[PDB]
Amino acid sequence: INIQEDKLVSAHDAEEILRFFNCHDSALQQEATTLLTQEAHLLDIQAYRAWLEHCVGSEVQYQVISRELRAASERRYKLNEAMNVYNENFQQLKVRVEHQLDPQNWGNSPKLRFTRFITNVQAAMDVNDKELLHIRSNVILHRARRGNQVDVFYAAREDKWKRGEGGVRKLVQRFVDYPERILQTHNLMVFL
């Protein structure tokens, strides 16, 4: 990809493409699919402690941004381009998990229902840290509660995963650039 010719492509997106187009390892794509399917299952059944223990690395950065809408031709205005809907280390994820599990979290009664659909999985080893696995995947996340509340989230996830304790591969970075600028889902209180 030449971004001078492909005018709509960002430098970041072009770099991420290059990562997967080169070395393709079918076995790695399958491992990645398993990793993400199991992660989504734990989250769907609201096993948030299990998710932290089994899926999330101690050095994690878990980040979801919302980017301000700017002109395609804008080249002067330089202020903060995005805010962080999430930008969590492990301890901050733990706070959110404890908040979910607290018996005085009134919003969690009656119990919520989550269903996640993970697609478009791609995987590639980092070229310089041979223990760092890049995984890209898209998620549709359906949250239903309180009889007739239904919220559906859509996102692409750029992950880095690394073997941690017991040799278990865990999430060390997730980055989501959320595609809808104004949320129409009451909040973004779901783990993408």
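Note that residue numbering begins at 1 and tracks the sequence as displayed.
If you average the C-alpha B-factors over 71-79 and over 118-126, the higher value belongs to 71-79. When 141-149 is weighed against 30-38, 30-38 comes out higher, by mean CA B-factor as recorded in the entry. Annotation for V9, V172, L183, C23: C23 ranks highest, by Cα B-factor. Sort the modelled residues of the chain by CA B factor and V56 lands in the middle third.
In the deposited entry, the Cα temperature factor of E131 places it in the highest third of its chain's modelled residues. When the CA B factors of the chain's modelled residues are split into thirds, the value for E165 lands in the highest one.
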